[PDB]
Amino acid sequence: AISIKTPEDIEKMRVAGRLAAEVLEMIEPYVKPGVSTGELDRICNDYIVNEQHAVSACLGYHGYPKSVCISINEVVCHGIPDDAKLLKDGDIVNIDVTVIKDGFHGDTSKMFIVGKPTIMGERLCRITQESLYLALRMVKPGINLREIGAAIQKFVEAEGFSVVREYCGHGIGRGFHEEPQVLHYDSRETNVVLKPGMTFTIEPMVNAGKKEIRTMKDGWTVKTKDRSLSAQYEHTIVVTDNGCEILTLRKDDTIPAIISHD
């Protein structure tokens, strides 16, 4: 079933969420033309282990080789940090962080634009974050996840973009991926009414082109089939009595931590 976190458990999620968010705030200065995704991964890992005294939940997850996922341009998700892959002017890059602290998970990601941003790259990233924000503004007890997924899809497609179907948001806590599944599109299978205490992620993956994806032969990297740009933003939240609280909020987020509907 779906778990309703306790006040104590929620406090632990606040800590884990903050740490995840701070990894993203910490790495920002290093995301510039010339750096390798491999070094970026090392930097994130050292920070998590030595400074936050936490652990990367991704490192080794189902056999994943690195501490964070770094996806560039047409890569949709799970990009594998590589010492030989260098960021270049105009790139859009997602760094997906997941930390475990005191038994609980904090899951978040954001887009970074490298060097001189291209108008389109800036547009895809802006719209993708807006779709996440729009969804977060809908979160409150009584609402069905199907509604939220439908709203994200409607917004995204109105921009000429598409929503990746193979990946979704998810419940989160002592487990990395717990129930429920949080689709970012309208599905006839989705029927989940939100309840206070539920903790999950919303992490829409949006393609500039078609929704179809392709997995590489390294068993992890995923790209858009048509090789169009893809962007993603993610936040871990807890449903409150009449809204929600974003546990992974950053200084650059342009949305409040507490979203009440009173």
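Residues carry their position along the shown sequence, with the first being 1.
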TODO: Select between 233-241 and 219-227 the stretch whose C-alpha atoms have the higher average B-factor in the entry.
DONE: 219-227
- [ ] On mean C-alpha B-factor from the PDB entry, just flag whether 70-78 or 119-127 is the higher one.
- [x] 119-127
- [ ] Return the residue from 188, 165, 170, 110 that has the highest Cα B-factor in the entry.
- [x] 188
Task: Ranked against its chain, the third holding the CA B-factor of residue 106 - done: lowest
Task: Chain third (lowest, middle, highest) by recorded CA B-factor, residue given as residue 88 - done: highest
TODO: Comparing against every modelled residue in the chain, figure out the third that the C-alpha B-factor of residue 135 lands in (lowest, middle or highest).
DONE: lowest
TODO: Classify residue 10 as lowest, middle or highest third according to the C-alpha B-factor given in the PDB entry, relative to its own chain.
DONE: highest
- [ ] Determine, from the deposited record, the chain-internal third of the Cα B-factor for residue 45: lowest, middle or highest.
- [x] middle
